[PDB]
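> Take this structure first; my questions come after.
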Amino acid sequence: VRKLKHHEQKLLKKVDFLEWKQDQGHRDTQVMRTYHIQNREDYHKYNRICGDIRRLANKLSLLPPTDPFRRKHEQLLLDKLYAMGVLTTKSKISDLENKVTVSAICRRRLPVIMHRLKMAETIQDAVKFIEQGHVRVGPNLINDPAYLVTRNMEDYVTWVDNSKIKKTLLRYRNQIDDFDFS
Amino acid sequence: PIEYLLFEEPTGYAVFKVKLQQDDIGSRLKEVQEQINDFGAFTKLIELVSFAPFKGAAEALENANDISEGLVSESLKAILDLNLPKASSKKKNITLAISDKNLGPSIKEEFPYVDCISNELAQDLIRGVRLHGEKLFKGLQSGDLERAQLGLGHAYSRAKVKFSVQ
Amino acid sequence: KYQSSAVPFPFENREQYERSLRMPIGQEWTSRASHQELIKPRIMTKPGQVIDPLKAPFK
Amino acid sequence: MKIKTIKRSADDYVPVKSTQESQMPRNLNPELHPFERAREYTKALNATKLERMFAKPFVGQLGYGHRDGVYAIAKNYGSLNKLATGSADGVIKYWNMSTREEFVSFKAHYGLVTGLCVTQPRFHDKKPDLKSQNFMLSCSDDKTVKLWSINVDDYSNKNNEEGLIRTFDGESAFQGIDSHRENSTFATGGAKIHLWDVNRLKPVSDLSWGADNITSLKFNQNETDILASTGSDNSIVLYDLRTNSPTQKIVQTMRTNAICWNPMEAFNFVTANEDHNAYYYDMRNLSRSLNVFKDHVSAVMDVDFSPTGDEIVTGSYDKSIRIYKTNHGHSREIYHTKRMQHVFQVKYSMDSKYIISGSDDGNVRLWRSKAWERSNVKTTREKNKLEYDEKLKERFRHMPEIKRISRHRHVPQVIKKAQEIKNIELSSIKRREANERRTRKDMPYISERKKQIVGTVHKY
Amino acid sequence: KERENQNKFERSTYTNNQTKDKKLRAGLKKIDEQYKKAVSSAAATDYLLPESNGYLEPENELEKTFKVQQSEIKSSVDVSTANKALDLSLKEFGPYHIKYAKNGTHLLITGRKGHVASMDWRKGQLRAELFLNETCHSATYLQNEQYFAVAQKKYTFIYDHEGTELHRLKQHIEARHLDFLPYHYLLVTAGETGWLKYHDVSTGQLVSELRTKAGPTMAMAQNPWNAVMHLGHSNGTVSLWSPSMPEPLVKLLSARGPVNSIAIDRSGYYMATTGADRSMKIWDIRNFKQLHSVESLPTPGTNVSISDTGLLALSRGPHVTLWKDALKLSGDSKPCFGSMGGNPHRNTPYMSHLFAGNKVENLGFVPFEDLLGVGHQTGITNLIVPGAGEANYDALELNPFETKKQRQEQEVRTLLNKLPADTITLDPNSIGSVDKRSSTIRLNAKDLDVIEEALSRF
Amino acid sequence: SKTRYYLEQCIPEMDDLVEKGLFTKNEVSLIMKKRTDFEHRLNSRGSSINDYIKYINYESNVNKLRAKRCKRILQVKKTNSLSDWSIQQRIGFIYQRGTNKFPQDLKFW
RNA sequence: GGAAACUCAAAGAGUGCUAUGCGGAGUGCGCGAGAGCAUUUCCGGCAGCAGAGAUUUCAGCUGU
């Protein structure tokens, strides 16, 4: 705030107006700049889920290694997190503390998988497109960027037809067919 | 105990009173040798009290010759007996701070009521007032010091070397 | 740990101590002239001259 | 109906031109300024923290030090930046303390040098020029006293008679010197105390009580005819040279190392003796040593006053000097360094700012007295601030964390162990004394100041 | 040597209702001699303070002080203050909470829908204008214009000068009322959960997670003289609190029902409170004695605010009613609504102003001007109240002409001289005292049947 | 700021000059206002001899008005208070300050 | 997407800047004096006189 002198810096070391201790290194701010998260509190409504599944994996590891409720529910949770695509392999239950991240549950969002399969070229442009309403997953259009996809629907992420970006890329390749109205 | 000092300039002589004494034991310290580089804390030491310029440039060359040979000239005699207070018998001998031990005994002979100091402390605040220079006078002069010592330098060099005119 | 333990040495009880501490000496709560006359040390030496042992009276 | 509001008017408060300073209009209302006590308390905390982070007291040594170890030091009492210094291989020097090097040095005597002082002599055949050259003198182990010139260069009145203008010869050894600061009469402690002036090569007077040597002595600064000495009878003997006689003696428990008179009070002195405390004695009532400065762990080797007369400095046989206020009796401040050892002669420079400590490992060092202040001229805002929070620390001195901060120093762990085991054995002596006082009929209370006195000639 | 404001300038002491040591005697006589000299020469400054407070008066027997139109005083006052009486009209976002800075220099407006703007209001200067979508109950400045904390829908956020956010507080799990203890650098929050919690905003620490045990906190108010926070709950209890001890220091019972608002005089000496019982109380604080109690004002008082000259401000829903001379201890100074038959022993209010149709959600005076900023549904209005301000501000602490360099230096000076969070005390002069135990006079270790008489001896 | 020191050096003469009935506080605050402005312009930075001259002129004029209201209201030549020597002694103090700060101009000398 | 300013906000560095502390006397001392001591010793009152000085200021007397 003033780049304090030497005696003032010695007389107060623990002052920091910018970065406190309970900011945790501003990781919510850093990863929402990384993944271009529109709204506030989206990090913490992800982090609540991350803490929830490590709480549930803790309680399932606490339950004894023989009963079918524990073994069925742990393979069920592991398959559910694979089906939401949060993981990539059906790995060990140790990856439910090393590998689940708020960065991963962000990485399954719509603009970041859009940039991942090169539909846009940057995630800011992807939020531009799907806020202008150009894309759909399967039949139904997507208007909000908070829709994260499943493992199933990383294949039908395509624009709508009469989306003029679809028209401009088809006319770039001059495969612009116009009987199908786009 | 350094009460006055005499600084000899190209334009004329100056005599400064010493308000506060510099510290004598810590004179080699960083915080004391930086106050002769700060001007606003060097003027807490030294007040200008007289400044007699040389009347002519010929007298400027004459005074430069007399100081270089360590003699006392008459303008210097005038400014010293104007400014320095006459003392009593031997109690409180008044004190100049001059810049050389050869100018010492000559003005001691011209003024037996005056004592001359040229030690490290005297040369210290001498080079302080030489560094700050014309900012001490606040315009109380008729002359610019760099061009004045340019002319005085060529004059003194020429008169020392006997450079011919024809 | 803010109020002191006992009554310190030159005083004798707490009314003496609090009647000492009753007036703040900063330039906020007191004027500038009363500030600069309220605060000056008991000794006050001039910085660069020898201190003679005093020889008074009848010089 | 009359309506007026504030007329802020934006001209008295922001200046009309871009150089002159704006007002700081100011209302001294306690209603305005809310917390007096907490705010200036925290300013006192910040001041004590600031002096504990600015306490950098070591200035520097002077020269490459001596050869064997400084055993005698004498400031000159009429000039600031020079002092004489003699080390017990035999070598005595005259240090200039501005540039921190000697004027000259000499191999003075064969054995140890045991005393030296400075003199403004008066010969009856000379105007003694005490401004172009400067005279010291020294008594030593080889039964000789030597009055010595120094070609000093501080004035420039002149343009040669360097060393040993005359020698005195004694039949026994010598231990101490000081000079009557008028009429060139000085006095020596040897196997017997002799008074002589610089004009004749014989002792003008014997002065001793009986057969006991005189370990040190010191003249007065005012009432210069009176002087004190300390003999290895564990004894203080005062002499008066008007009557030319010793005049009283007290005997204490352990041996008094060194006296120093008061410059201001003129009838109070300080004895430093080998029990680990110095004793601010009166002169007119020598039965109660009216202060005892206690906090040492070994023998206190010398002491002198500040020239301002209210702050004294003891240097002791443990490797640490410390500076006392007069009216407390405990350490204001401790100076020590790893390289100083067995510090023998500590004196106070003549402007009450520096503490010269001559150790036993050879070196003689400079220290500041107020270890947090600095020695440049200060603008009056700095002077007002430093003086302000000095007064503020002084009045909030008894708060129980300002006191722990302003009391915290870092002593070497030898002194730490010795001080704490001294504390546990003093508590033990106090407890066993309390038990005897509970039982026994008359174990009368003796004061701490009256404890160390074992006797006094001339009871009244 | 008279100095009529000596009664304002004295500093009382813990007294008994003479010694023997001569040195102690002369020390004490020098101490209280210089105390009297310092008090006299400190009260010799009222010749040197620049301008007097404003005022008005009827100077007739017909017209009154309260039925004076803002149009009339805006015509009869100077152009600068008549121009400073701004009236912002902001319609689409909600009711606008108003917080000036500690000086008069800036202004923070919060709409309950989404809209917070930190702006200079004297010169028109947008500093930070942000619509954040969730609801914002109240907000305040921190130490300068440089930082302001907004109490959003749940999480309390603090913000930089240009509108960037700096901290989403993980604690302060909701908030309704913020305040800032300025010398302590403590951001204090209270709300729907029964948690008063203090935050040292310099080092970014928490300080106290104080449980209120009294439901939500309906209105909180800072005492500006000993820095205790006065919460007013649903019980009518106005309990006043310090971060050092969890139990509430002093539990006043001011009103009935919930307490709608609390406001502390800047001398720390009076507390005005309004409840939902349609009641307003004036309180002594340093003696804890209910001064006088206006019962049954004709509608629930929504907010009270007291100026820097002891000037009561009561917001009666669509009304703003200002009483002068309402904070004395007499029976005259009870604030009433009518001089019954022209009775000269009432406080008919100093001014009054009825708004159009908009509920005023908070009053708040401007510090060093004679005008109060009232915040209502459709925006903000400054009201020229001619005796509502310290004309002679003290420029050593807070300055309405403060530039950038002295702003940085004044904040870092307060940042070094921040009082610690423990010395929040019920009275501020209990730090240089001695303990209540460890008794006063010090001791210097010197003083620390005839047949039965026949059958004795056995 | 030593301007505060000068400004509250000049308070006791106006204190006695108000408590005896020749000025009122409603105008001694005005002369204190202008004296505050003059002292600030004087011991500010980049000051000038014309600022010293106008301060001397204003203080001489308020001295003459002091004598005028002294002989008008009190009907005496002086009231033997502190003020009568004070106002010209601080005029001389202004002169001393101006000669020390600006020993150049012989007009002010 | 790049560029104008007296657009503003926030930091940093450099250059400056001074940054800057009862009285005339008289009366006896302090080695021609003020650097302190101490005051009824007359005054800092009234008009006039007449010597001056730019109507209002000084120089010596009457009473006061």
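The numbering of chain D matches Swiss-Prot: 1-159, 168-468, in order.
According to its header, the structure was obtained by electron microscopy, 4.9 Å.
Any Cβ shown, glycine's included, is placed from N, Cα and C.
Annotation comment: Swiss-Prot describes D:440-459 as compositional bias 'Basic and acidic residues'. Annotation source Swiss-Prot lists repeat 'WD 1' at D:65-105. Sequence annotations record features per position, and here Swiss-Prot assigns repeat 'WD 2' to D:113-158. Annotation source Swiss-Prot lists repeat 'WD 3' at D:177-214. Sequence annotations record features per position, and here Swiss-Prot assigns repeat 'WD 4' to D:217-257. As annotated by Swiss-Prot, repeat 'WD 5' applies to D:259-299. As annotated by Swiss-Prot, repeat 'WD 6' applies to D:303-342. Taken from Swiss-Prot, the feature repeat 'WD 7' covers D:346-385.
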> Could you count the residues of the repeat 'WD 7' (D:346-385) that DSSP puts in helix, in strand and in coil?
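Tallied per class, the repeat 'WD 7' (D:346-385) gives 0 helix, 14 strand, 26 coil.
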> What is the number of residues in the repeat 'WD 6' (D:303-342) that are helix, strand and coil, as DSSP sees it?
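Output for the repeat 'WD 6' (D:303-342) reads 0 helix, 21 strand, 19 coil.
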> Grab the same-chain neighbours of the repeat 'WD 4' (D:217-257) for me: Cβ-Cβ under 8 Å, and only residues 6 or more beyond its ends, written as numbers and ranges.
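Those are 77, 115, 183-190, 193, 195-201, 203, 263-271, 274-275, 277, 279, 281, 289, 291, 294, 462, 464-466, in sequence order.
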> For the repeat 'WD 5' (D:259-299), what are the same-chain contacts with Cβ under 8 Å, counting residues 6+ beyond its ends?
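Residues 223-231, 234, 236-238, 240-244, 246, 305-313, 315-318, 320, 322, 324, 332, 334-335, 337, 430, 455, 457-458, 460-464.
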> Looking only at the repeat 'WD 4' (D:217-257), what are its DSSP counts of helix, strand and coil residues?
0 helix, 23 strand, 18 coil
> Which residue counts does DSSP give the compositional bias 'Basic and acidic residues' (D:440-459) for helix, strand and coil?
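Helix/strand/coil tally for the compositional bias 'Basic and acidic residues' (D:440-459): 12 helix, 0 strand, 8 coil.
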